[PDB]
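Heads up: the structure comes next, in structure tokens.
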Amino acid sequence: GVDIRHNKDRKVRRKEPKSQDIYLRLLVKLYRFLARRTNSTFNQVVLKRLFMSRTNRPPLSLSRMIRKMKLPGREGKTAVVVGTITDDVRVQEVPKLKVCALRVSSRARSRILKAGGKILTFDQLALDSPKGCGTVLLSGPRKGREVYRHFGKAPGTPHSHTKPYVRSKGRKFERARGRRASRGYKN
Amino acid sequence: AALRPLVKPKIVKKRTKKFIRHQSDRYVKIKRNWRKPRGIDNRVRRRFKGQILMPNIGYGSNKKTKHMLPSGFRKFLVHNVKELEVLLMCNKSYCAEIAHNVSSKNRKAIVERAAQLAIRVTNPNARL
Amino acid sequence: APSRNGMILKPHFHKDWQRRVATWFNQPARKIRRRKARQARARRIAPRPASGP
Amino acid sequence: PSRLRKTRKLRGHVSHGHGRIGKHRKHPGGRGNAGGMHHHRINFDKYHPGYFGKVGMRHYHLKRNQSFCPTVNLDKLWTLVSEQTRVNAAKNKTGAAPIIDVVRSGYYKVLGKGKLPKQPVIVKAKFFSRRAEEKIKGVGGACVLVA
Amino acid sequence: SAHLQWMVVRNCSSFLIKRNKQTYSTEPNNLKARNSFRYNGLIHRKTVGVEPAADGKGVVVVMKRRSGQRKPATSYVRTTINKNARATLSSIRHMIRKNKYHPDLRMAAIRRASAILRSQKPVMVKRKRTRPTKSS
Amino acid sequence: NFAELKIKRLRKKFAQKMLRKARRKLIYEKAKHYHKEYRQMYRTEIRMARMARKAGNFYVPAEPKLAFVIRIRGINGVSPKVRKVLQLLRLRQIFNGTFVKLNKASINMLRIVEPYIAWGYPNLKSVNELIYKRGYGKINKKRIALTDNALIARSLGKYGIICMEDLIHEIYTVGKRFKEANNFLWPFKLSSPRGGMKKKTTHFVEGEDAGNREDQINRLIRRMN
RNA sequence: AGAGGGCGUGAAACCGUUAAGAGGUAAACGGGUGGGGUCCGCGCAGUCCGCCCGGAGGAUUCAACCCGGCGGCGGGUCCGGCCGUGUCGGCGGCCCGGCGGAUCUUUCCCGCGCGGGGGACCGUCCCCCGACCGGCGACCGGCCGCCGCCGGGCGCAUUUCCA
RNA sequence: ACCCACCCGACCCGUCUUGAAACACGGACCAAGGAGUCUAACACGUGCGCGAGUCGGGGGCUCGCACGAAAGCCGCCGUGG
RNA sequence: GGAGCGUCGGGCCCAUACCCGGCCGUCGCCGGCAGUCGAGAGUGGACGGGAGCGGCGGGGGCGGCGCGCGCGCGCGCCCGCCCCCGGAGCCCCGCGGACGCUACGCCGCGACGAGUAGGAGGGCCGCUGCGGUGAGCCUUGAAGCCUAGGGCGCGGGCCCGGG
Ligand SMILES: [Mg+2]
Ligand SMILES: [Mg+2]
Ligand SMILES: [Mg+2]
Ligand SMILES: [Mg+2]
Ligand SMILES: [Mg+2]
Ligand SMILES: [Mg+2]
Ligand SMILES: [Mg+2]
Ligand SMILES: [Mg+2]
Ligand SMILES: [Mg+2]
Ligand SMILES: [Mg+2]
Ligand SMILES: [Mg+2]
Ligand SMILES: [Mg+2]
Ligand SMILES: [Mg+2]
Ligand SMILES: [Mg+2]
Ligand SMILES: [Mg+2]
Ligand SMILES: [Mg+2]
Ligand SMILES: [Mg+2]
Ligand SMILES: [Mg+2]
Ligand SMILES: [Mg+2]
Ligand SMILES: [Mg+2]
Ligand SMILES: [Mg+2]
Ligand SMILES: [Mg+2]
């Protein structure tokens, strides 16, 4: 008899993508290979991200991709995003970029290409740079989802600012006993 | 002078008797078919000394000889002639079973074809 | 009983609602019937607009 | 797809995943939102702060369309018009400034979030913010009230 | 591609046949009857297939052109080899090796031809061997 | 192209074979030295006492540096403070053992697990027999048997420890690099005590097997190793 | 009728018999052997096949080679032409290229300041040839090399078949 | 795998229970039947499509529906959510 | 004259505990393999001038960074070469690459494996009906039923023989 807890012996990370789609799965076959045979950890990070959920690979807006490449020095590079590239209607002038993405929305595609931008697929990125050399690996804001505003220290727990799940906002949906001082108390 | 398989190792089995179901002996309503007991007290399900055994993955067969017939082959249930020609390039490792529901005319047609291709048949001398 | 976080929600299934469930298996059959009846009315008001006034 | 659901995997086991000390009885809490004050209170006042109690003024014959006032931010004002108004402008050389009827596009108020590009406009709208006005003037434009 | 359409097909094709813990595949120009990527007639730009001759004597090799698949009518190109066993193999060998065509296959293609030339063994001889037929 | 490369590859081949020879010779001389070192250590303890004894004097030799610690009772119903220390000595299973350098900290940790272990001061021979018969590396967290020095070197060679012999000298003299050589060794899975024990549950002093038995840990080692 | 008028199939409980085996700790059970039965696989030597080789017998045409024909592959000279990507030149399709636009013009036209259609303009999609480059499985034609098949040649120290 | 013998082991299951071989209940035997369903609402997770949008209903245009009470399309494409 | 009681020896007995080995599963390994040298790895390769037995004349270190299977060499004859795998013959081969590669595949190393309530995963486990699909099966006998017949699977179960 041995004393170990077998409690957290199984690591819960993903191995493959849970999706069954065939084009992504080909990318996975390609980046598994590169991951293992190259020294590049870029390939490993990319590989890891191909297995993740929709939630877990959030969309990267065009404006966010602009400003991250506006940063000093990462000039004449390629931005990479395992998610999708979306438009920003609240940005106007779009520099000529180099981009990798699993998806780019039709607007975002036009705007970039009109600028003299190049768009790449991930099979194309590999041939272009199999060890991820000269890349900017970005990500969309993970904690964008409105979901997260309900997460945390519960509402009605002093110093929480945590959206309650409520049928409809309005004068008479919550905001009585436990928010006003006038009505019982407040947190 | 029957069809020898490619490699005829010693199959070695961990357990030979069927695991039978608790109290299948006592009752005609209970069938031998294994069932794990889920009873709160249960001699068997809590592994007492002297009781019927519970199947585990412990008893598992060795992967080399799992599904290996005594003869050394694995079955493959052939359904008509066309379905045989698959085994053509195995023959030394898989044999052909012919199905129960196949007619005694075309049972014959299969058997002689397998005899050309040297695929061993596991129920040939039968329907007649 | 409520369990840890969720909309404290009021469904309106306390009356005998299954007595008054109204299915829509008609609707295709309906949609046609209107459409026939429509084409008939055109044909009756011969060169007059199908529209109406 | 019953095939996939949990009751298929519970077959054989006695309690059906509801335990055997305590069982699956009918309504052990009370039905629904029963006990909001008594015996379910803690859940109510740690996930629904402010359920109980009145507050504010009644309003008898509310009609929502009176208070209709959909807003738009400067952020994306140029979105309302075709790019070639914003292009034939930063060009032209008359110092023209194209009109943007915001009420046409379905917004009544113009509030002031965001940077407006240095490029004159005439914004026609039912209502404006203070800041939205200011930003518009700073671009070198003119806010315009409409009924 | 090859790989893309293998993704579509791997588990669903009419030609596949699971059952009895094995799997197989019945698509034409698959030597080895495997549901493999390698050994699949339909998928690959260049294909090998060694069937027996309809005569009953000999073997047919079945190359695939590259010229134009899209036009299956014209795509495969058959060729009977009805020669002295040892020769037959060598002709297949050269077809495969010295044309640099499907080099991966080739030994499988030889064994197939070999097994086919075994098939055309003698049925009467086999019957004599199994039973002694002496002194009733 | 061809004959130039071939000779370059043959040259490479040779330069390896030379180096292999060299490192082998180092190993051989390192042992020979350690043979002389242990000899010198043994005699020069006797030397001392005889010289005290010549005078009306005493030679109190050094208190021991290093001790082997065998877990001599099982893994049921064991107090949480004990249990923690037992898994700070890596003594998880029953009849696992470890070398342990002694000091005020370490000794007291053994004091808190006394009726759960048998321990004491191992011989030279004990350190050899344990290392050669049951010497297993921790090599990418896989218990792997020390079949060659290529294993020891690969892991401990950044300390000057390049062979089984070096390892034995680091363990036995409790060198600078003891912590790292001792942790490299996977804890010693010894069999049951042949000829049995005296009594599991009681201390050595009082007839049983537990606790410090100092010299006599070596007898126990032989009947278990 | 081993379908006989509540009759297709005809399970189990339960009963009758026939055969076999057992029998003072109620029976029944798990593990482990033994004995007996039932069938099943044999063998009237199972010495099991397959390569290659050496020898010994017997038998057909070759392979190796050229020659003629067919088919296939691969190649570069991209040689010649079709093919299409990125770029540049034609402002050439632009009206013989259409849609879209809160871009413009009511110098226009038609219908009643508005609607429809022109006409500018911008965005997008198509012709002409030249140049550079990815010469890309997107194809043809010749030439080359190699392979395979058929038929010609080769009659036997060869190449097969068989024992 | 059928029967018999012998050595060792071996209390009857289900269940509520801190505790069941219990002098705790249910159970003579066999067959068939027999219990976590569907709708609605919410939340989180996951998969797919599109993405500052998205959406399809409801309605309409296309057929006598064999398959169709489907499928397709809509300045309704967005009244509206 | 213990088979009693108190003190102590040797010796022997056996648990699912410990050790070694087999086999099954799970976990872990930034695990390996889409076809390459390489085992404390501590380089490889142009290419130009100047030359050659020269070399890089550094620690009782006991040594890793430098040395004795060659660097230049045997052949063509002091000068030239030091040549190509469609052929070095191979323990490593960078020219092309499994018998192996259903990449949801295949392979290797370690570790571990009680379980009610409860949770999750996988079931080429099982039932009935639908779209597809098996040039499936079936009066030369389907379903069901029965079977001291033959087997497979840890098991849910399954497949064959006979009736
Ligand atoms: Mg556990
Ligand atoms: Mg209990
Ligand atoms: Mg109307
Ligand atoms: Mg539950
Ligand atoms: Mg219950
Ligand atoms: Mg409860
Ligand atoms: Mg205890
Ligand atoms: Mg105690
Ligand atoms: Mg009848
Ligand atoms: Mg009847
Ligand atoms: Mg009937
Ligand atoms: Mg009798
Ligand atoms: Mg109760
Ligand atoms: Mg009680
Ligand atoms: Mg009980
Ligand atoms: Mg009692
Ligand atoms: Mg009761
Ligand atoms: Mg009763
Ligand atoms: Mg039933
Ligand atoms: Mg969701
Ligand atoms: Mg377990
Ligand atoms: Mg359970």
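Residue numbers (our numbering), protein chains in the order written: chain L, 10 to 196; chain S, 53 to 180; chain Z, 10 to 62; chain H, 30 to 176; chain W, 3 to 138; chain U, -5 to 219. Quick reminder that beta carbons are idealized off the backbone N, C-alpha and C, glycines included.
Can you confirm whether residue i, when its beta carbon is compared against all beta carbons of chain H, has any partner nearer than 8 Å?
{"i": "residue 41 of chain Z", "result": "no"}
{"i": "residue 11 of chain Z", "result": "yes"}
{"i": "residue 90 of chain S", "result": "yes"}
So is residue i buried or exposed if we call it buried at 16+ other beta carbons inside 10 Å?
{"i": "residue 58 of chain Z", "result": "exposed"}
{"i": "residue 119 of chain W", "result": "buried"}
{"i": "residue 169 of chain H", "result": "exposed"}
{"i": "residue 180 of chain U", "result": "buried"}
{"i": "residue 186 of chain U", "result": "exposed"}
{"i": "residue 57 of chain S", "result": "buried"}
{"i": "residue 160 of chain U", "result": "buried"}
Which class does residue i belong to by DSSP, given the choice of helix, strand or coil?
{"i": "residue 59 of chain W", "result": "coil"}
{"i": "residue 198 of chain U", "result": "coil"}
{"i": "residue 53 of chain W", "result": "strand"}
{"i": "residue 8 of chain W", "result": "helix"}
{"i": "residue 123 of chain H", "result": "coil"}
{"i": "residue 132 of chain W", "result": "helix"}
{"i": "residue 34 of chain Z", "result": "coil"}
{"i": "residue 126 of chain U", "result": "helix"}
{"i": "residue 175 of chain L", "result": "coil"}
{"i": "residue 103 of chain H", "result": "helix"}
{"i": "residue 65 of chain W", "result": "strand"}
How close, in whole Å, do the beta carbons of residue i and residue j come, if the pair is a contact with beta carbons under 8 Å?
{"i": "residue 62 of chain H", "j": "residue 17 of chain Z", "result": "6 Å"}
{"i": "residue 149 of chain U", "j": "residue 131 of chain U", "result": "6 Å"}
{"i": "residue 93 of chain L", "j": "residue 111 of chain L", "result": "7 Å"}
{"i": "residue 214 of chain U", "j": "residue 112 of chain U", "result": "6 Å"}
{"i": "residue 24 of chain W", "j": "residue 146 of chain S", "result": "7 Å"}
List the residues of chain H whose Cβ lies closer than 8 Å to the Cβ of residue i, in chain order.
{"i": "residue 101 of chain L", "result": "107, 115, 146"}
Using a Cβ cut-off of 8 Å (strictly closer), state whether residue i contacts chain W.
{"i": "residue 35 of chain L", "result": "yes"}
In chain Z, what lies closer than 7 Å to residue i by C-beta?
{"i": "residue 176 of chain L", "result": "16, 18"}
{"i": "residue 62 of chain H", "result": "17"}
{"i": "residue 69 of chain H", "result": "10, 11"}
Distance cutoff 8 Å, beta carbons only. Does residue i sit that close to anything in chain S?
{"i": "residue 20 of chain W", "result": "no"}
{"i": "residue 41 of chain H", "result": "yes"}
Within 8 Å of any Cβ in chain U, is that where the Cβ of residue i sits?
{"i": "residue 202 of chain L", "result": "Lying outside 10 to 196, the shown extent of chain L, residue 202 of chain L is not represented and no answer is given."}
Taking C-beta pairs closer than 9 Å, name the residues in chain L that residue i reaches, listed in chain order.
{"i": "residue 77 of chain H", "result": "164, 165, 173, 174, 175, 183, 187"}
Consider the Cβ of residue i: report whether some Cβ of chain L lies at a distance smaller than 8 Å.
{"i": "residue 167 of chain H", "result": "no"}
{"i": "residue 128 of chain U", "result": "no"}
List the residues of chain Z whose Cβ lies closer than 8 Å to the Cβ of residue i, in chain order.
{"i": "residue 48 of chain H", "result": "Going along chain Z, no residue has its Cβ under 8 Å from residue 48 of chain H, so there is no contact; the nearest lies around 15 Å."}
Note down, in chain order, every chain L residue with its Cβ under 8 Å from the Cβ of residue i.
{"i": "residue 69 of chain U", "result": "10, 11, 12"}
{"i": "residue 10 of chain W", "result": "31"}
Can you list the residues of chain S that residue i reaches, using a CB-CB cut of under 9 Å?
{"i": "residue 35 of chain W", "result": "137, 138, 139, 140, 141, 142"}
Checking contacts by CB at 8 Å: is residue i closer than that to chain Z?
{"i": "residue 72 of chain H", "result": "yes"}
{"i": "residue 30 of chain H", "result": "no"}
Report the neighbours of residue i on chain L: residues whose CB is nearer than 7 Å to its CB, in chain order.
{"i": "residue 5 of chain W", "result": "35"}
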